[PDB]
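Those protein sequence lines, which keep their order, are chains H and L. Note that PDB author numbering numbers the first sequence so that position 26 is 26, with each residue one more than the last. Note that PDB author numbering numbers the second sequence so that position 99 is 99, with each residue one more than the last. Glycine included, each C-beta is placed from N, C-alpha and C at the ideal position.
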Amino acid sequence: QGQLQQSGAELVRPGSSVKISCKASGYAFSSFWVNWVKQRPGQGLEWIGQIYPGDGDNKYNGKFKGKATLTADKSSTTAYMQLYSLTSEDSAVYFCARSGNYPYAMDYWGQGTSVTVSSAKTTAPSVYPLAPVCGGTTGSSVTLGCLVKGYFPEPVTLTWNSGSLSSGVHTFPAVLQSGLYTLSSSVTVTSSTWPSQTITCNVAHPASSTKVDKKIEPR
Amino acid sequence: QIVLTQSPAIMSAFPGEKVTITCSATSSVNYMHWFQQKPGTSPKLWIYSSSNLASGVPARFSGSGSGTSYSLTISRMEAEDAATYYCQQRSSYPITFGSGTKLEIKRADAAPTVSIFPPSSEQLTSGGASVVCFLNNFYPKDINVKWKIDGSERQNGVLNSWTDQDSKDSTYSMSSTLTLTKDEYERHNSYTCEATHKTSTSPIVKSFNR
């Protein structure tokens, strides 16, 4: 009893519009109100509105009157929210939440769906292997790196040795270099591990079916 | 338009300490719910109707209040209690959330290990040069990083990023990248990454000569 599925990430150009879905996976769908909350990067939560599927009734937070419109497919127990005349302020992560009786506590929440309102085009990344300069690293034996430069849609998957190497890694939040993003990761291994063995950073950018592999070769 | 103000906006506690967060409304409210949100995930119901613990929350948590003031309390802090806590009002319209409180887990001081990485031949082929520096596993977040080219400081073309407090050891890491044109790069000889942290009275430096 409990599981809600939301859509994948979106990138819409200003002025455009999106329709996102939340699917009820295990309870009496038309028996509870569904809530939509907004959260901007590194910021707080804001209540949009709710709808009772059964009779399609709905309440809207004033601030989001012309911007929001809520709907739900009773046959498939799914909620829908559409946003209009999208702008830079509409870029945020949206959540769907189920209310219950009396206390009216939103028990289960959806995983969240990210929306980006931008004019940039999808670009692929550049993966450069960062080999150490003998001594330039302190203790913990050795540290290697992998720089990922110039990609636009934020999602990027980075791993070491297809996943076999997970201990001692650090992937840093991505930053925006004027229209583009850059990210970096490090792995600290023991001295007798590196040249003897092999370390490779695996990178894949979903928005451009790109899958690069960079073996850290010593200088 | 009931605005819920949360105090403090941010705070840290050593494990074992008692923590007390407060939520205050502009007008009487019948009850407050509380949610907890760890970085990168969807919020969880923590406490419903002021004092009823939700499902799975340990006994160290407790709430209370009436009218305009309500609060959350943890008898003894524990590493896994680190997150942002939101208080929520729903006895009006529109429904409102609180400003938020980020709770950090304290630990004994730890100094950063530095590493400097020169540009790669591949990027140079293309004609650009990015020099990277990793300041890893230090505790107090406050750290200052500077770059020096042949002794001169440079604050142009510098991009920084920080990780979230680590789960296994409660530490921090930071990355600093300086991007120059291959021209600017091969027109100099020394590159230095310099960090000033409390674990040391003098700045720590790492450098390489091109």
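**OP:** Pull up the distance between the alpha-carbon of residue 204 of chain H and that of residue 3 of chain L, whole angstroms please.
**Re:** 44 Å
**OP:** Would you be able to state if there are at least three C-beta pairs under 8 Å between the stretch 115-131 of chain L and the stretch 175-188 of chain L?
**Re:** yes
Subject >> Cβ-based contacts, 7 Å cut-off: residues of the stretch 102-121 of chain H near chain L >> reply: 103, 104, 105, 106, 107, 109, 110, 111, 112
Original post:
Looking only at its own chain, which residues have a Cβ that is under 6 Å from the Cβ of residue 158 of chain H, when we skip the five neighbours before and after it?
Top reply: 171, 185, 203
**OP:** Between the Cα of residue 204 of chain L and those of H:138, H:161, H:144, spot the shortest distance and give me the residue it belongs to.
**Re:** H:138
Original post:
Quick one, are the C-beta atoms of residue 38 of chain H and residue 49 of chain H less than 8 Å apart?
Top reply: no
Subject >> Best match in L:26, L:73, L:133 for proximity to residue 191 of chain L [C-alpha to C-alpha] >> reply: L:133
Original post:
Does the separation of the CB atoms of residue 136 of chain H and residue 206 of chain L fall below 8 Å?
Top reply: yes
**OP:** Within 10 angstroms of the Cβ of residue 134 of chain H, are there 16 or more other Cβ atoms? Answer buried if so, exposed if not.
**Re:** exposed
Original post:
Is any beta-carbon of chain H found at less than 8 Å from that of residue 95 of chain L?
Top reply: yes
**OP:** Please state if the CB of residue 125 of chain H and the CB of residue 217 of chain H are separated by a distance shorter than 8 Å.
**Re:** no
Subject >> Unbroken alpha helix (DSSP H) run spanning residue 124 of chain L, endpoints >> reply: 121-126
**OP:** Find the nearest neighbour of residue 49 of chain L within the set L:163, L:160, L:33, L:73, judged by alpha-carbon distance.
**Re:** L:33
Original post:
My guess is that residue 174 of chain L and residue 160 of chain L are in contact by the Cβ rule of under 8 Å, so how many angstroms apart are they, rounded?
Top reply: 7 Å
**OP:** On a CA-only basis, which of L:13, L:110, L:96, L:28 is nearest residue 200 of chain L? Give me that one, please.
**Re:** L:110
**OP:** Just the C-alpha distance for residue 104 of chain L and residue 152 of chain L, rounded to the nearest angstrom, thanks.
**Re:** 37 Å
Original post:
Are the stretch 104-112 of chain H and the stretch 3-21 of chain H touching, with three or more C-beta to C-beta distances below 8 Å?
Top reply: yes
Subject >> Delimiting residues of the beta strand (DSSP E) encompassing residue 148 of chain L >> reply: 144-149
**OP:** Measuring only between beta-carbons, confirm whether residue 184 of chain L sits less than 8 Å from chain B.
**Re:** No chain B is part of this structure, whose protein chains are labelled H and L.
Original post:
Is the stretch 83-91 of chain L touching the stretch 20-40 of chain L, taking contact as three or more C-beta pairs under 8 Å?
Top reply: yes
Subject >> Cα-Cα separation, residue 57 of chain L to residue 37 of chain L >> reply: 13 Å
Original post:
Among all the DSSP beta bridges, which residues are the ones paired with residue 129 of chain H?
Top reply: H:146
**OP:** Go through the stretch 91-118 of chain H residue by residue and report every complete run of the beta strand (DSSP E) that reaches 3 residues or more, in order.
**Re:** 92-98, 113-117
**OP:** Please list, in chain order, all residues of the same chain as residue 90 of chain H whose beta carbon is under 8 Å from its beta carbon, the five residues on each side excluded.
**Re:** 67, 83, 115, 117
Original post:
In the DSSP assignment, what are the bridge partners of residue 29 of chain H?
Top reply: Partner(s): none; residue 29 of chain H has no beta bridge.
**OP:** Starting from the N-terminal side, write out each stretch of the beta strand (DSSP E) that is 3 residues or longer and does not extend beyond the stretch 53-80 of chain H.
**Re:** 57-60, 68-73
Subject >> Start and end residues, alpha helix (DSSP H) containing residue 185 of chain L >> reply: 182-186
Subject >> Under the three-state DSSP convention, the category residue 129 of chain L falls into >> reply: strand
Subject >> Cut-off 8 Å between Cβ atoms - residues of its own chain near residue 179 of chain H, not counting five sequence neighbours on either side >> reply: 120, 152
**OP:** Please report how far the alpha carbon of residue 103 of chain H lies from the alpha carbon of residue 198 of chain H, in whole angstroms.
**Re:** 56 Å
Original post:
residue 45 of chain H to residue 169 of chain L, Cα distance in whole Å?
Top reply: 29 Å
Original post:
Going by beta carbon distance, what residues of the same chain come within less than 7 Å of residue 146 of chain L, once the five residues before and after it are set aside?
Top reply: 153, 194
Subject >> Completely contained beta strand (DSSP E) runs for the stretch 182-211 of chain H, where each covers 3 or more residues >> reply: 200-205
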